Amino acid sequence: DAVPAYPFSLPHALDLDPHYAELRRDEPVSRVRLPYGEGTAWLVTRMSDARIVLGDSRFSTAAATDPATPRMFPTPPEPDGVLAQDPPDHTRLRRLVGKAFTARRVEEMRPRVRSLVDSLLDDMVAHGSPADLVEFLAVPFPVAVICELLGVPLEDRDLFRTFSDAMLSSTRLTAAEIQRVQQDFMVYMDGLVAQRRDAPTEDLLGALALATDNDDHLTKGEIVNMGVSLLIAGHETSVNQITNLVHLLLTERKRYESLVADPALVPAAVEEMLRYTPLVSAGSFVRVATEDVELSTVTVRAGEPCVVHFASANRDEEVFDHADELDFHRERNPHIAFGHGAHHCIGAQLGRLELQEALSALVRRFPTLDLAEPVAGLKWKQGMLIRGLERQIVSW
């Protein structure tokens, strides 16, 4: 083919491909072939182009549901998915559940959440050093939180985790495998909301079931798909992001010691580490211009698709000083770790709360925390659209 394959390469730990910094400098918007659908997409590497592709009404995610649209993942996007709804229906779909995810209702969770983190750190001191931080904190903590929030039975963790890993496949699985799991996840979630039909609950699944009986603008598929989106995102992001921030802290240990030194640096350290880490391994859900749109170096034509690399916008030397350097004393940090525009993460305040409480708790109660397995053998998850560790053995 004429144009290059994206992703450019199999990923390495949390390392940014050095082609991203080259593209930022000399070819900020470049033709790429995505691993699925047909044709070519524009890859967007710098912050101001990213803010436009994510920000502007001229770009449609709905339009990207066409099976022939380029995408990073094997199944054509599900049309009832939030990510694939354009405003204003997108705005109506997000109000179903938005109430619960406002910064103010998330601040109210801090105590419940800080207890939870204390129990799990109790059970780790009980087991004794070494222990797998994945096993004792990363997985059970966030899984417990969205289970309480959604009203999903904690006893289903092995069930929904397996569905959730399959639906975040890049290469590990095939279209037919994933499409199968989508159907199961749909039918499962449809069943959990169904149980609320006679017995409404003080729950987001509760709210989703209420919405199914009375709403006239949203399909049952949209409302139920909402519950799967929140159950996947609500654990998959935080589970990976706790291993990623711990990996960044302990592999140049000065950082971890800087937070043990001052545990009030932890909210700023979280934002800085959200900026620094390619949690999304490559690309994004795709946006198709509905009209000509001007970017820094090119006019994207109506019908041309675009894809963003969040981690590369977060390294743009024209908005962050010493961008390739980890710094907890940055005066300003306008990162897009949580996206931008209508699809800006609903969970951003929750993911902040969960990461703050996990790191505060560690950095206060375990000053002696060190990686007790070698860097070279670290089990980075492979062939998923997200990055994170399968395990993280730590001593103290």
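Under this definition, the rigid core comprises the largest set of C-alpha atoms superposing within 1.5 Å between the forms. Don't overthink the numbering: it's just position in the shown sequence, from 1.
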Practice task
Going by root mean square C-alpha distance after a core fit, say whether 159 to 167 or 247 to 255 is farther from the shown form in 7 other deposited structures of this protein.
Solution key: 159 to 167
Practice task
Please pick 172 to 180 or 128 to 136, whichever has its Cα atoms farther from the shown form in 7 other deposited structures of this protein after a rigid core fit.
Solution key: 172 to 180
Handout entry: Which of 326 to 334 and 54 to 62 has higher mean CA B factor, as the PDB entry lists it
Key = 326 to 334
Fill in the blank from the handout: Mean Cα B-factor check, 231 to 239 vs 212 to 220, entry values; winner is 212 to 220
Completion exercise
Residue set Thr162, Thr171, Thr102, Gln195, per-entry CA B-factor max assigned to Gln195
Fill in the blank from the handout: Looking only at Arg71, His309, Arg287, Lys254, the Cα with the top B-factor belongs to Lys254
Completion exercise
Chain thirds by Cα B factor, record data; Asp49 belongs to the lowest
Practice task
Quick one: classify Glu304 as lowest, middle or highest third of the chain based on its Cα B-factor.
Solution key: lowest
Handout entry: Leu355 by Cα B-factor - lowest, middle or highest third of the modelled chain
Key = middle
Completion exercise
Binned into thirds over the chain's modelled residues, the C-alpha B-factor of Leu378 lands in the highest
Exercise for the section: Place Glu271 in the lowest, middle or highest third of its chain's C-alpha B-factors, as listed in the PDB entry. Expected result: lowest
